[PDB]
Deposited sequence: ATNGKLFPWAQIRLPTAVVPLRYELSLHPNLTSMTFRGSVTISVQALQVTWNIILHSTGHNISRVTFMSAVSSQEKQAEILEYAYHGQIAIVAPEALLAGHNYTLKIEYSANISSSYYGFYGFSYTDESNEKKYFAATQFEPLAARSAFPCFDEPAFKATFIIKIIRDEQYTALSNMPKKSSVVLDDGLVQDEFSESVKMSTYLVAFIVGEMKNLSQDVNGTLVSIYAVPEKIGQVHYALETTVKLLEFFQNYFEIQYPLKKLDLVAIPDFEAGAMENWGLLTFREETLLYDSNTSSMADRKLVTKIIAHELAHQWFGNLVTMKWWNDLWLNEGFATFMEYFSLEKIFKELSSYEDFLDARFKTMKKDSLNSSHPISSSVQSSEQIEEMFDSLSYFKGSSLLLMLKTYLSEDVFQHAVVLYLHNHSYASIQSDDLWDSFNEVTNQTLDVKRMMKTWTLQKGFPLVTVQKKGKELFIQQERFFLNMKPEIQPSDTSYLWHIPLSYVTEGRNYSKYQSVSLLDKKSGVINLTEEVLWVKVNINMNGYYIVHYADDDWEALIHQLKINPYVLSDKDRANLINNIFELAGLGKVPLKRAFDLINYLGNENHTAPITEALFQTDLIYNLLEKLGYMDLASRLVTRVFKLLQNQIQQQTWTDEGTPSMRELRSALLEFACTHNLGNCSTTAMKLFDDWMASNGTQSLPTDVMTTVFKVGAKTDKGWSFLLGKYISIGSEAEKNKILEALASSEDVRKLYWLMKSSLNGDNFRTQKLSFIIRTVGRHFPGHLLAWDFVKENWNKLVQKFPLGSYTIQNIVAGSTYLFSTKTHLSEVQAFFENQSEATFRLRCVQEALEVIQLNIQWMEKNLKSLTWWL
C-alpha cells in the first residue's frame, strides 16, 4: 500500500527485457494454471521500480537473482500494470534477473490463454487450450513488457499429459517424464520477437507434414479431420517457396506449423512458427466446399505467411503503424494470389474490399492511417479496414507508379536493414528513397497523415485533359496523386499514360483527338474520379456499345464511383442508373457483383422505411437487365472459379427477392436432399441458396438444425447457419442469437454473423439492434471494446437506419455508455452512416419514384 510509482499507460523505457523463460503447468481439467516467469532485464538508467504488465494473476513470489532476494510487488489494475519495488537501485548497463511465480485461470473467451471443450465423433468430450495474444492479452498469461517494441527471446516450458501434444513457437528440445507421470516439454529458444506473437497450444491433434529445404511444414488438426488438410500443406509449401524467393530472406525457423482450432474468433493468426486458424479457414474438401471456401484458405494462408516477414521479422514500434504489418500482409496476400493462384481471380475480393474501405474513409468518422492511439480501445480499433485495405492500396499505388522491380528492392532493403527490429512509417519511405530523384517520403506524407482520399474531377476540352483535386467529403491538404489514364482515338487505338498531380489543378495534353478518357486504370489508385457529363456520357455510350473495350476492374470502378458521387450529390442518381442500363451486355463477375451490391443496398434501405413496392420495382428492373445472364445459369459446379462465383450471385439475387422460377428450382433441390437425409450431393455453388429456400419452412428449418449439430464440415455448417438466420420467424431469429451469446448450440464466434444476417432483412431488423443494445455489456465481456467483432456488430445493426428518429436513438444509447464507448470510431461512423441515409433519401426519393 505504498503508492504505485507510475501513472502513464506506456511503460518506462529504463528497463528492457533481454531474455524470457516461462514454464507453465495448465490443467484444462480444472481450467486453471500455474506459471513461472524468469525475465532477464537490463537497466539503461538508474531505476528503483520495474514496471511490468500483469493481468489476472495471484503472485506468490517475486525475487532477484550476487544475492537472491525477494521483492515487493504493487498493482495498478486500471492500466494493467504491476510495479516491482527494487531492494537496491538498478544501475545503467547492469543486467539483472527477476523471477515471478503466479497462478491464474484459463480464460472464458477467445483472448489470452483460453480453453474450451468439443465433443468428438464418439460422443467423447476432449479439451483444448490455445492463445490469442494480439493485441494486448499476453499480460493475461505471463507478466511481461506487453508492448511490441520490447522484443526479446522466449523459452517456453509446458507441462502436459501424455495424451495431449503441446505446440509452441519453436521446435521441441526434448520432453521428460516427471515423477508425477506428467510430461514437461521444452522448446528451443526463440528468435527476437514481440510478446503478442508468442503462442502455445495444448490439445489432442494429429499432423501431416512435408520438408521444404530444412523447414518441416506441419498442418495440424484434431484427429477426426487430418485428411482435410492436404490443400493447406501444398498451398503453404508453394506460398512458402514464393515468399522466400521474392523477399530473398528465408523462414528462419525449422518448423512452419499451421493448426486448425475448433473455437477461435478471428480467422487466423500469425504466431511465429505456430500459425493458428479457424477450422473453417484452413480445412477444405473437394466435395463439400465452395470455390469461395477454397478462395479463403489460400488467402488466409498467404496473409499469415507474409506476416512472418511483415510483422514478425519486421514489427511496428507502436500500434499507430499497424498498417505496416496488416497492410503489407494484405498486399503480399493478393500479390501472391495473382502470380501463383491466378485462376481464382483473387483480385475481385481485393477490388471489392477497396470499394468498401473507401466509403468509410470518405466520412469524418475516419482518421489518418497512422494516427496516435493510447487507450486499449483505440489499439483494438486499429484492426480495421483502413489499416488493412488502405495500407494495401498505398502499396499497390506505389508498386504501379514505380516499377515492379523497384518495389521489390525497397522490400529487400527494408526487410534486411530492420530485421529483428522495430519500424515506423518513415522507415519504409526511406527504403524507397534509397532504391530511387523521387522523394517517396513527401509523396506519401498526405496519404499517411491526412484522413480520406482525393476526388479528381476531369474535363476533356479539345486535345487536353483538365484535372483538379478535391477532398472527397460532404459537410486543407493536397495529395501527390499518381494519375493514370487510358484513352481511345478516332480509331479503336487505345493509349495508356501516366502523370503526377501534386497541385490543386493541372493539364495533360493528348497527341490525338480522343473518343473518351478513362482515368485510374484498374483503380490502381486510391482516389475517385468524377468527369464532366460530356465525358461521362462518352463512357456510358461505349459501355452500351461494347463494354469489353474496358477491363473488368475498370468497369466495376465506374459503377462504384458513379453511385458514390450520387450520394455526395455531384451527379444525379439517374446518371448511375443510366450507366448500369448497359448491364445487358455484361457477363463478368466484378461489374455484376458491384451493381448487385448497390442495388441491394438501396433495396435494403427502402424496405425498412416501408417503401416495399418501390423497392421491388428496383429489384425487378435490375433483374430485367440481367435476365439473359440469370436464365443461362446452371445449378452445377461447372466453370472457372469466377464463373462459379457469378453463378451464386445471380441465383441468390433471384431467389432472395423471389424473381423467376429459381425458388421453385431450389425448393426441389432441397426437398430431394432432405428426403435423402442429407445424403444427396448438392453442387457447392447452390448450397446456400438451396438451404435458404428450405429454411423458410418449419420442416426444412428444423431438419437443417439437426444437420448443424451433426455434420463435420464447419463451412457447410456456416451455410446452414445463414439459412437458419435468414428465416422470417423472429422467435427463431431471437433464439439463434441468445444461444450463440451463451455458447449452447452455436459457438459465440458466429454471433456477429448471426446478428448481421438477422439485421439485414425486414423481419429481424429491430430484433438485432435491440439484442445488441439489451445485451451490450454481455458482448463487451466476451469481445473487447473496439474489437472487429464489436465494430462489425455496431455497423451491421445500424447501417440501414435512415430516419432522424433512429439517429437520436442510436446516439442516445451510446451516450448512456462509457465515454470510451461513445468515442469509438465505429460508433461515430455508425451515426454518420445514418445521417447520410437520411440525406440520400430526401434527395433521391421523389425522383427515384419517377424513374421507377
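Residues 1-3, 69-72, 444-445, 485-494 of the deposited sequence have no C-alpha coordinates in the structure.
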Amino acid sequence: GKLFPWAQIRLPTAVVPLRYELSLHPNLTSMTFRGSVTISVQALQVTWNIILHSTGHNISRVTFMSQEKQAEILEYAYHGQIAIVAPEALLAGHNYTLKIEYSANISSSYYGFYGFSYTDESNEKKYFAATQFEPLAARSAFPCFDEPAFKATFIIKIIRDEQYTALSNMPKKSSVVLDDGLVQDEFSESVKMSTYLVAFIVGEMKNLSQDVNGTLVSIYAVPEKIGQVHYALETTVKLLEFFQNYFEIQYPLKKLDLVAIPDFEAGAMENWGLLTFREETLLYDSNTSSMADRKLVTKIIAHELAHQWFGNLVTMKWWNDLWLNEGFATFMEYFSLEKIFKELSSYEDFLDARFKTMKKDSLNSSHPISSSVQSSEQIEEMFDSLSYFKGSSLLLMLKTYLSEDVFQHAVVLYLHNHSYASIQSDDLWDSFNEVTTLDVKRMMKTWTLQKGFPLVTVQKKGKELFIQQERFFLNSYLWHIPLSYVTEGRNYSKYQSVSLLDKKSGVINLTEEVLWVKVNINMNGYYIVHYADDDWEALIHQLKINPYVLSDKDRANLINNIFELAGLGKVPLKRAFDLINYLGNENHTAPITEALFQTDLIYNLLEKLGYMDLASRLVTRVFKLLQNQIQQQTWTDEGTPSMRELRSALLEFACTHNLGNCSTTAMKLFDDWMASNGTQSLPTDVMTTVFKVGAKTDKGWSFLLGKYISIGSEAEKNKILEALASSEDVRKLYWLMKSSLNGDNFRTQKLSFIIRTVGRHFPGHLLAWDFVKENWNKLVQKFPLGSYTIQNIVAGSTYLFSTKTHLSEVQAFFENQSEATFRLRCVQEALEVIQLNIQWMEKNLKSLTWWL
From here on, numbers count along this sequence of modelled residues.
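Of the other structures of this protein that model both sides of residue 490, a third or more give it no coordinates. Averaged over their C-alpha atoms, the temperature factors of 708-716 and 362-370 are higher for 708-716.
For the pair 255-263 and 307-315, the record assigns the higher mean C-alpha temperature factor to 255-263. Residue-level inspection of the entry shows that, of 79, 354, 151, 699, 699 has the top Cα B-factor. When the Cα B-factors of 349, 645, 426, 134 are read from the PDB record, 426 comes out highest.
When the modelled residues of the chain are ordered by C-alpha B-factor, residue 660 sits in the highest third. Residue 13 sits in the middle third of its chain by CA B factor, as recorded in the PDB entry. Among all modelled residues in its chain, residue 28 ranks in the highest third by Cα B-factor. Residue-level temperature factors show residue 799 in the lowest third of its chain, judged at the C-alpha atom. Among the modelled residues of its chain, residue 403 has a C-alpha B-factor that falls in the highest third, as given in the PDB entry.
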